[PDB]
Structures are given as structure tokens and as C-alpha cells.
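Trainee:
Protein chains in written order, with PDB author numbering: chain O, 1 to 387; chain U, 5 to 169; chain W, 1 to 197.
1) Give the interface partners of residue 102 of chain U over in chain O, defined as CB-CB distance under 8 Å, in chain order.
2) When the distance is taken between beta carbons, is residue 62 of chain W closer than 9 Å to residue 78 of chain W?
3) How many angstroms separate the CA atom of residue 252 of chain O from the CA atom of residue 45 of chain U?
4) Tell me the rounded alpha-carbon separation between residue 30 of chain W and residue 109 of chain W.
5) Taking C-beta pairs closer than 9 Å, name the residues in chain W that residue 14 of chain O reaches, listed in chain order.
6) Roughly how many angstroms separate the alpha carbons of residue 39 of chain U and residue 114 of chain O, rounded to a whole number?
7) Residue 62 of chain U versus chain W: which residues are under 7 Å apart at the beta carbon?
8) Along the alpha helix (DSSP H) that carries residue 93 of chain U, what are the first and last residues, could you check?
9) Less than 8 Å between the CB atoms is what I'm expecting for residue 266 of chain O and residue 224 of chain O, so what's the real figure, rounded?
10) List, in order along the chain, the chain W residues whose C-beta lies closer than 7 Å to that of residue 71 of chain O?
11) Which runs of the alpha helix (DSSP H) fall wholly inside the segment 48 to 107 of chain U and span at least 4 residues, in chain order?
12) Roughly how many whole angstroms lie between the Cα atoms of residue 170 of chain O and residue 154 of chain O?
13) Contact criterion: CB-CB distance below 9 Å. Does residue 170 of chain W meet it with respect to chain O?
14) Please report whether the beta-carbon of residue 165 of chain O lies at a distance below 9 Å from any beta-carbon of chain U.
15) If distances are taken between C-alpha atoms only, which option among U/97, U/162, U/53, U/19 comes closest to residue 29 of chain U?
16) Tell me which residue opens and which closes the alpha helix (DSSP H) that residue 292 of chain O is part of.
17) Reducing DSSP to helix, strand and coil, say where residue 33 of chain O ends up.
18) Leaving out five residues on either side along the sequence, give the residues of the same chain with a beta carbon under 7 Å from the beta carbon of residue 331 of chain O.
19) Looking at the structure shown, is residue 140 of chain W part of a helix, part of a strand, or coil, going by DSSP?
20) Among the residues of its own chain, which have a CB less than 8 Å from the CB of residue 74 of chain W, if the five just before and after it don't count?
21) Given a threshold of 16 other Cβ atoms within 10 Å of its Cβ, counted over all protein chains shown, does residue 387 of chain O qualify as buried or as exposed?
22) Given a limit of 7 Å on CB to CB distance, which residues of the segment 72 to 93 of chain O reach chain W?
23) Would you say residue 20 of chain O lies against chain W (beta-carbon separation less than 9 Å)?
24) Got a sec: is the Cβ-Cβ distance from residue 107 of chain U to anything in chain W below 9 Å?
25) Within 9 Å of any Cβ in chain W, is that where the Cβ of residue 115 of chain O sits?
26) Rounded to whole angstroms, what is the Cα-Cα separation between residue 73 of chain O and residue 14 of chain W?
27) Measure from the alpha carbon of residue 15 of chain O to the alpha carbon of each residue in W/193, W/190, W/36, W/175, then state which is nearest.
28) Pick out the complete beta strand (DSSP E) segments inside the segment 97 to 170 of chain W, 3 residues or longer, and give them in chain order.
29) Of all the residues that make up the segment 222 to 255 of chain O, which are near chain U by a beta-carbon distance shorter than 8 Å?
30) Considering only residues of the same chain and omitting the five flanking positions on each side of residue 279 of chain O, which have a CB-CB separation below 8 Å?
31) Tell me which same chain residues have a C-beta within less than 6 Å of the C-beta of residue 268 of chain O, skipping the five on either side of it?
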């Protein structure tokens, strides 16, 4: 409707008498495009509330403003939504014109400065080039050429700095599909962890991102192993605010399945769709054996007992003692326990380096044993005050 | 290894300014250190005083002169030109968070690694209340973000031929 | 009137980084602020202008008290491109700044350049306004571009400080348009009451 012309007129008139960037033929075209309230392009502060609609092919007219453009909003605001609205366009020719043809040293290093960035406020798109090359070629090339695109990127990340952490989101979004094309998801799980911490700032705080992120966190935590098993599911319950079923309900049963460890609960967990991956069969016994071990480690540690045996370990995992010795060693190399399991003695020696977070049940007795037992040293040291 | 060696004149020079303006009770006195160190080992001998004031209710209130305070360093440059700015020292009795936000402004004038000491107006502890800070980017396992934080290192009091006896 | 120490507070927000003025905004602001520094330098021999940035994600500090514009250039070429103006926190720094003057014979007039609207309430600035009459210091408010899209939140700030022109409470207003950026001083009373040109 007329919301494009009316709102832009107020902000422009209070600054410029006549629109410097808008050509007098293009001024009427602002409200002439669509029938909706918000169109596919805008300027200055009005552009902040504007985003892409369907296929913003009219951005060429917005790029046509160069000379007098900076008299309204700074000249570096062109590339803000230029490549943001084309994210759903998926075109190779339109990407090369805004990346390779953009090059560097255009007008910005002559009469102005350069803040790099470019997707917020006003910044130059040189830093935007190296960030968007990996996304455009993500669905084009394969795992071979995908490594060379990360070399010019990761090295650029350490070469220059940016205040917003959103630049890692595009870095983690590329590695998300890069690790998805592979087999082992261990690297895919650690990638989504730092991606969630960067969701708090701007650049799409909407809940549409949590829908696709919950699907990544469900598969990453299933076949990945870093900290506990399900312990990271209750830290950020962003999945409870989105669709419950369609692969999102597997984490509902997985929460109470690992605490129990019954085979009947696993039938509702894995289905025919997820059972076509051979990696699932390997980590099916890795999740249950670890969560049953985490309980035994908390159980074995009371006061003086650092040592387990082959009884409670094999009965909980329902596995023969011959394999269990070598199956824990796969989790031993992860930094859990440094102990050395014996054979003839049938006793598990445990050197426990594991942090084991989520405290507060122990701290009642744990913290008091660092005072009352330490007070025994203070009482016995009062007889040393002679000199 | 990085070991901060502090001259006792630093504590005595600031103690005079605590009595003059009656600066105490959650009032920080900012200062700058001096020395020549091209290695990881930091040698702190001479020190200056920065006329800093803050608010107790608002920890974001800070005012620090950039090139106006450096006139003391220019006057000292003609005295000793071998020593330059290797860092800075604050008070921070409750350890205000204002130093966590901006590590650039203090590093701009100090080419050495960022260093932040603690001189309390009290300093009455029998232990070692004087603490050193190194501001770098350290990975945190808390699950929030990895940002610039303080790195604690042990320090001591310097003894040379002048002040030993 | 007499020896004074100007406290300069500019606005680094996105409205100062654009071309809203139909010649140049931030390019000619380097000269206009320098011309004001040179105008007070010829009127009084003692000139110290602190440069405090009250915008860009909490208030910052660029330059400090100096007698030459060379040190001011270090803050003129470096401008933060994000953040907005925070009046509440930046004023509390300016209140403590009033006590950092050298000699009592040097007066103080706070000069603030506001390029962006603020969300701070007026009642918070009323209790903070009594510090001007306590230290017997002046204040100068230059605002352009906010009055068009927003009301004046510093009008009541002058009401509690209202005093005859021989002490403090000097209110200024600048409206942009088809003009010159240096010419904006002519509409302000600061250019008047001077016998030098």
C-alpha cells in the first residue's frame, strides 16, 4: 500500500528537502510495486522493520543509488539486506555480481573509512564476501572443494575482528551441512553448541530458527558424545516452544529412557527412518553403557570406595564382560576415567578426572566436610602458638 | 613465566593520596605502572597516579584522562627514557566490572601485555591480598560465551639496593 | 564571560554517520567543532575541552583536556558506528568531570551535541540537574534532528536550572535544512555577545 511512501517521506523530509537517493521517476515507484503493507525494499530506519517477502529481484534498483545515496543513510548500508534478502533466492549469477564483482577498494578506502561487517548499520561488504562464498557453494560443491572455502574463511576470522558473534552463525551453518554430509556427527554436535550461544543477539531472534535448530540438536546429541548424554537437553528447552512430534518427540522419551535403560523404551526412540544409518547401531550401545556408568560412578563414590567390580557394570548394560572391558576404553579415551581395569582380580580401578557438573545435592555434605574436618586442623594447631 | 614484581613505593605513593582526598569505602584510585620489559617477565618499579572518580550506585560511571595524564610520563621521559608504560593498576575493593568491558583503551597506550593490579586502601591482610590480572580470551565451560576475562598470577614486593636497607 | 572549561559531549550514533545535512554531516563536523574550539581559544587564554562520547553502547571517552586541537583529532577520526545516546549514564560521568578542573578560577560550561533521541525520563534528570547550581557551572544544549521526530526531554532539565544569563541556564536549539553546517552557529546565541569576527 502507501506505507512505503508515507513513512519514508517523513524521515527523508526532516533530513533532505528533496530525496537525494530516490530519483523523481523512482519516487512514485516506491508505493507502486506490491499491494502489501511492507514491500521488498526500504531505506534508513524504515528498512529495519522491512525484510524479504518472496523473490526480491528489485534490489538492482536499490543498488542503482550510489552518488547521492549517502545523503540519507550512510553509503555502507547498501549491503545490509542486499545479500540477506537473497538468501532464499539461490542464484549463482546474482551472487557473483555482489561477491566477485564487488571486489575491494571501491570508493571506501579513499574518502571514507571501513568498518567491514556490512549486514548491520553501515559497513563495507568485503568481509561479507568471504562469509557468503561458503553458503552459495554449500549445495554446489562436495566435501573436496568445501575445505578450500574454509581456509580463506577461518584464517580471515583470526585476521580481523567483529563485535557481533553472528559471523560465527554463518560459519556454523556452513559446517552444519558440511558435517551433515559426513558420517561422524561428533564434530556436528560441538558446532551446534556455540551456535546456540550466539542466538541471543540480533539477526533473526525469531522462533523460525529454533524449529530447524531443534532438528539439529536432536540428531547431534543422539550420535554425538561430549558431556553426559541427555544433560544438555534440559539446559535450553527451546524445543518445547516448537512442534512436539516429527522427530522432535524422540528427545521426550530419550530423557527418561537413559535414566531407566530399558529396551522397551528404545523401540519408541528409534524408528525405521533413523535405523537406515549404520552409525546408529554403534552409538545405540554407547549411550546406554555410558549413562549406566555415570550412575555407577556416582554410586561407587561415597567416602573411601574408588573401585568397582564386574558385577554391577555388566548387569546394567546387559553385555558380556569380555566386550565391556574394551567398550569402556572407547569412552576412556574421551577423558572420563584414567583408571586401569584388571582381569584376574575382577576389580575395576578408577582414576576419576571427570568434572561431573550439575551439583547441589552434594554441596550440603560436600562443603561442610571442607570446614568441620578442616576445623580439626585448626583445633590441633592452637598448641603450636608457643612460638 | 610471567611474574609481577611490585615496588613498595607504589603502595606508599597511593597511601598518601588515600589520606589527602579521603579516598576509601568503595572508591577506586586508578594508576599506571612503569618499566622496561620485552619478555614475559614484568618488572614494576615506578608508578603514577590517575585522578579517577566513580559512582557507588552506578558501576558504568568512569572518567579517565588520556593524554592529559601522560604529561607526567613526558616529564619522566626526560628523567628516565628507558622505561615506558607496561600496564596499569587499579584499586577495585569490590572488583568493579568496568575493567572487563574495555581492554582496548588501556592497551592502546601500553604496548606490553595487558596487566591489572590491585591496590586496596586497606591491604591489612596477613596473606597476599595484592593480585594481578591478565586480560585475554579464555574458553569458559559455564555455557554462556567465551570473552575477555581476568587471569590471576602471583606477585610480590620488589627489593633493590636503594630500598632494601 | 570569563575563563571557562568547555565539556564537549558528541553523539556517535548512526544519525551522525549519514549525509542528512544536504552538504556533509560528519565531514564538516570536524571543522565546525574545531572552529568552536578556536573561537573560545581566542576569547580566553586557558582552553581545555574534554571530549566524552555518551553513545555507542554505553558512554565512552575519546580525547581529554588539552590546549590544542591536535589531540582532539584522535577522537574525530575514530567514531563508533553503532549504539545510541545514553543521557543518564553519560551525565553522571560529566558530573564527576566537573570536579577534575585545575583551578577554581576556571569555570565550566557543559556542551552536548545530541544527534539521536533518548528514552530517558525527564524526572531522572531533574535530581541530576541540581549538581549544576551546586558547583556553579554552566550548561549548553545543542540538539538537531531529535526535535523533529521527538519532543524535547531536556526542556524540563533547564527549568530546574533556570537562572539569569549571568550564571547558567543557556538553552540552544538548532534546526537543520537548506543551510550551511557552520552557519548553524549564527542562529545560536553563542555567536552573539562577541566583538571579534
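Note that the Cβ used here is the ideal one computed from N, Cα and C, for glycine as well.
Mentor: On the basis of the supplied data:
1) Going along chain O, no residue has its Cβ under 8 Å from residue 102 of chain U, so there is no contact; the nearest lies around 18 Å.
2) yes
3) 55 Å
4) 20 Å
5) 20, 145, 148, 149, 176
6) Using only the alpha carbons, I get a separation of about 36 Å.
7) Residues of chain W whose Cβ lies closer than 7 Å to the Cβ of residue 62 of chain U are, in chain order, 89, 92.
8) First-last for residue 93 of chain U: 92 to 94, but that is the beta strand (DSSP E), not the alpha helix (DSSP H).
9) About 18 Å separates the two Cβ atoms, so there is no contact after all.
10) 19, 22
11) Complete alpha helix (DSSP H) runs here, min 4: 75 to 83, 102 to 105.
12) 12 Å
13) no
14) yes
15) That would be U/97, whose Cα lies nearest to the Cα of residue 29 of chain U.
16) 278 to 300
17) coil
18) Setting aside the 5 residues that flank it on each side, residue 331 of chain O is surrounded in the same chain by 290, each with a C-beta closer than 7 Å to its C-beta; the list follows chain order.
19) strand
20) 62, 63
21) Its Cβ having fewer than 16 others within 10 Å, residue 387 of chain O is exposed.
22) 72, 73, 74
23) Yes - at least one Cβ of chain W is within 9 Å of the one on residue 20 of chain O.
24) no
25) yes
26) A straight line joining the alpha-carbon of residue 73 of chain O with that of residue 14 of chain W spans about 8 Å.
27) W/175
28) 107 to 114, 138 to 143
29) 235
30) 183, 184, 185, 223
31) 253
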